[PDB]
């Protein structure tokens, strides 16, 4: 096999959190019990530390977001918001390559759109939810069923109107991390100054497209968030399939390590293909997320670790709060013995949780670190989260 070397001193991105979407209008609100399951970090709870909500088109609907958002804040979660459409009175039809049903924001309602976003921020404040951030537009480059924005229109808004929104601003939320939508923001000093978080989705995105050299070059002091996805699919009642659900944790691993993302946010929280089943229990996909969310808390910084030490073995590591967390995924049908070497860190005890066939985030045997390393076995088709004290 191999060593896995974990360098406690080689710091990467600061983690903001993991979570999912709540959408009362389309999916139905979480119940009081489901809120606890979603945002508490006790036994059989997801420990989600981010909640995404939508900015409704009609401002009389806004009240519907309050209850679940207050519950998230109550649990320590940050809340952010994404809009699908501006209010109808701000929307026009136009000719987007032959298509004439296509909708966009009216060139004279940009200021009015910003004010609508600001008013939503103020509304949530008054109901006791300090929004961490707000998005310009969800998926402006795949808006068949909502509102299109071109790179240049996005640019104009970012230069001109984003500065007026009294919160952190997320842009542009491309459906597939298409760099063309985000490149103009990065190359423009004024629009860049009004961007606080570069947000993206990863639908159809290949792992070779996860990295972003231009962001590394220009995005100093800016966050990078993965604001929506489901993976590997939305097949009905798929959320317990094993070993398929193990793809979720592999996906998060890739976003963390290849994409350097600071937030990872699933689509609908409760859903037959989601982290939480319609009966209110955590699915195998949910336990794959929990292997991060419950242990990599906000403020933790990713650290360097041998990322692929064996065929089908994937490792990422994080530190925070006198702990080092290691997430080790085995996608093979062979159990592997792994030696974990800790550089620049003293440690004694290691606890662990395993998800595998017939076990959900279930405690394994404690291990001892002696001479800066410890051996541990990674079962076939499993994800283990180690916590090093």
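Residue numbers count along the first chain shown, from 1.
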Subject >> Per the entry, higher mean C-alpha B factor between 293-301 and 192-200 >> reply: 192-200
Original post:
Out of 351-359 and 28-36, which one has CA B-factors that are higher on average in the deposited record?
Top reply: 28-36
**OP:** In terms of CA temperature factor as recorded, identify the highest of 60, 322, 45, 330.
**Re:** 60
Original post:
With respect to the C-alpha temperature factors reported in the PDB entry, which of 135, 312, 306, 108 ranks highest?
Top reply: 108
Original post:
Would the CA B-factor of residue 7 place it in the lowest, middle or highest third of its chain?
Top reply: middle
Original post:
Lowest, middle or highest third: where is residue 378 by C-alpha B factor in its chain?
Top reply: lowest
Original post:
Mind checking which third residue 260 falls in for C-alpha B-factor across the chain?
Top reply: lowest
Original post:
By the record's CA B-factor, is residue 286 among the lowest, middle or highest third of residues in the chain?
Top reply: lowest
Subject >> Entry-reported Cα temperature factor of residue 21, expressed as the chain third it lands in >> reply: middle
